[PDB]
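# Results of the structural survey
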Amino acid sequence: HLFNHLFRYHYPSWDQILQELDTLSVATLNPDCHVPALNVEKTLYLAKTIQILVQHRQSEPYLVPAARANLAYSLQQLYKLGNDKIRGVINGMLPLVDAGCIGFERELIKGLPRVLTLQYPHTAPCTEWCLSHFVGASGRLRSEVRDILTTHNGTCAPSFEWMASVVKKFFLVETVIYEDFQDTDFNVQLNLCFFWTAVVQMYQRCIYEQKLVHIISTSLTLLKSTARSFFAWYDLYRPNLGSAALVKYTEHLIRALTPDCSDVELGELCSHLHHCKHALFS
């Protein structure tokens, strides 16, 4: 479905945007306005898309803190259910995760496997790093976790509402016991710790790589090129769309768009583009 890719992925696929863009269709009275109306339809689609992406970038500084809060919670639950050598390792991780200190993600990398070994000393032996440390996880849970964390090699990254759908699968398992890892409530919290540790790494790179900034730029570049084709047609044929000043005003709004644009700007633009579309329908 349209725009559903944006709700599922905080960082969406540029190719997916291009593919949805080419599914758009318009139904005009006079077929000489079919292509101009399609360019408006595509400009409107990109305007609403960028509007969502800008809101994702507003929410981006809150992704890692939300992941840290969940990991801190599961660490506190493991602390309740733990001997003092497990509590000792947790005591070295929980303060860093809580405050977000610079080296917290690496202390999780080293500390969580040690907690796993101390709990199951006899049966204990990145996406694959996280999954290979899961204990007491069903085949369906492991497969869902992998598909969430697979970035398609930089191309995307899942939204936080999309993670919660998988988070609840960690809990709703209170029906069977693993002979090698019998402490079910320990397994749930430790698996969540490995899961959220991989989440943090995935988001931290998307932030460092400026994934959202780049896709907003390429979207804006295509928006202006698509919109220019419409105003080129308008200036050439001068049709009666209700007001020449409104068209020139709408063109000014697009020209004023910058990569640092606000969602207020784009929502305003969508409303005016919607009028040009209705006027092209006559």
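Method information in the entry identifies X-ray crystallography as the source of the structure, with 2.400 Å recorded as the resolution.

## Focus: the overall build of the chain
Helices and strands together make up the secondary structure of the chain, namely 13 helices and two strands. Computed over the C-alpha atoms, the radius of gyration of the chain is 25 Å, more than 25% above the 19 Å expected from 2.2 N^0.38 for a compact globule of 282 residues. With the C-alpha coordinates of the chain rotated into their principal frame, the extents come out at 80 × 35 × 25 Å. Residues classed as buried in the chain amount to 45% of the 282 residues present. Summing over all exposed atoms, the chain offers an accessible surface of approximately 14700 Å²; the carbon and sulfur share of this is 54%. The chain carries 24 positive and 26 negative side-chain charges, and their two centres are separated by 3 Å.

## Observations regarding the domain arrangement of the chain
Domains assigned within the chain are domain 1 (4-59 + 211-280) and domain 2 (61-208). Taking only C-alpha atoms, the centre of domain 1 and the centre of domain 2 are 41 Å apart. At the interface, 11 residues of domain 1 touch 15 residues of domain 2. Summed over both sides, the interface between domain 1 and domain 2 buries roughly 1200 Å², with carbon and sulfur atoms accounting for 58% of that surface. When the area that domain 1 buries against domain 2 is broken down by residue, the three leading residues are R8, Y11 and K211, summing to 45%. Inspection of the region where domain 1 meets domain 2 yields zero salt bridges. Linking domain 1 with domain 2 are seven residue pairs in polar contact, by the criterion used here.

## Topic: the state of the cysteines
Should the sulfur atoms of two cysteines be covalently bonded, the bond is a disulfide. For the structure on display, the rule yields zero disulfides. Free of any disulfide, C101 has its nearest neighbouring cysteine sulfur in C193, separated by 17 Å. A relative accessible area of 34% means that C101 is categorised as partly exposed. In this model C126 remains outside any disulfide bridge; the closest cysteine sulfur is found in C130, 8.9 Å from its own. Residue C126 is classed as exposed on the basis of its relative accessible area of 51%.

## Thoughts on the nonpolar core
Grouped together as the largest cluster of nonpolar side chains are 90 residues, with contacts concentrated most on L75, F134, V145, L190, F195, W196 and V199. Per-element tally for this core: the top contributor is helix α10 (residues 184-208), with 14 residues. Each of domain 1 (4-59 + 211-280) and domain 2 (61-208) gives at least three residues to this core.

## Comments concerning the packing of aromatic side chains
Each aromatic ring pair is specified by the distance between its two centres and by the angle formed by the two planes. In the structure shown here, the tally under the stated rule is 12 aromatic pairs. Feature note: the residues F134, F160, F170, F195, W196 and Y203 constitute an aromatic cluster, connected by ring pairs. Note that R8 overlies the ring of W162, its terminal NZ or CZ placed 3.5 Å from the centroid.

## Some details on the pattern of salt bridges
Within the structure shown, the criterion is met by eight salt bridges. Residue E128 pairs with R146 through a salt bridge whose shortest N-O separation is 3.6 Å. Within this pair, whereas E128 is found in helix α7 (residues 127-131), its partner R146 is found in helix α8 (residues 139-149), the two being separated by 18 residues in sequence. With a relative accessible area of 45%, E128 lands in the partly exposed category. Judged by relative accessible area, which is 32%, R146 ranks as partly exposed. Through salt bridges with shared partners, a single ionic network connects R205, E209 and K211.

Definitions and limits used
Counting starts from 1 on each chain and follows the sequence as written, independent of the entry's numbering; residues without coordinates are not shown. Side-chain measures here rest on the full set of heavy atoms in the structure, leaving out hydrogens and waters. The helix and strand labels rest on DSSP assignments: H or I over at least four residues marks a helix, E over at least two residues marks a strand, and numbering proceeds from the N terminus. As a reference, a globule follows 2.2 Å times the number of residues to the power 0.38, and the radius of gyration itself is taken over C-alpha atoms. Exposure classes here rest on a 1.4 Å probe applied to the protein chains alone. A residue is buried below 20% of its type maximum, exposed above 50%, and partly exposed in between. All accessible-area figures derive from a Shrake-Rupley calculation using a 1.4 Å probe, and residue coverage is judged against the displayed protein chains alone. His is not counted, nor are the chain ends; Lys and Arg add positive charge and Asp and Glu add negative charge. Every charge is mapped onto a representative atom, which is NZ of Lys, CZ of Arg, CG of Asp or CD of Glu. Residue ranges labeled as domains rest on an automatic or database domain assignment. When checking whether two residues touch, look at their non-hydrogen atoms; a contact exists if any pair is within 4.5 Å. Accessible-area loss on putting two parts together, using a 1.4 Å probe and summing over both, is the definition of buried area adopted here. Salt bridge, as used here, is a side-chain nitrogen of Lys or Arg placed within 4 Å of a carboxyl oxygen of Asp or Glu. Polar contacts, as used here, are pairs of N or O atoms within 3.5 Å; protein pairs need one atom able to donate a hydrogen and one able to accept it. Residues neighboring in sequence count only if both atoms are side-chain atoms. The disulfide criterion is simple: two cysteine sulfur atoms within 2.5 Å. As used in this record, nonpolar core signifies buried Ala, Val, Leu, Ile, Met, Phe, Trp, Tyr and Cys residues forming a set joined through side-chain atoms within 4.5 Å. When two rings of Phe, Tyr or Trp (its six-membered ring) have centres within 6.5 Å they constitute a pair, described as stacked for plane angles under 30 degrees, edge-to-face for angles over 60, and tilted for the intermediate range. Should the NZ of a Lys or the CZ of an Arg lie within 6 Å of a ring centre and within 35 degrees of the ring normal, that charge is described as sitting over the ring.

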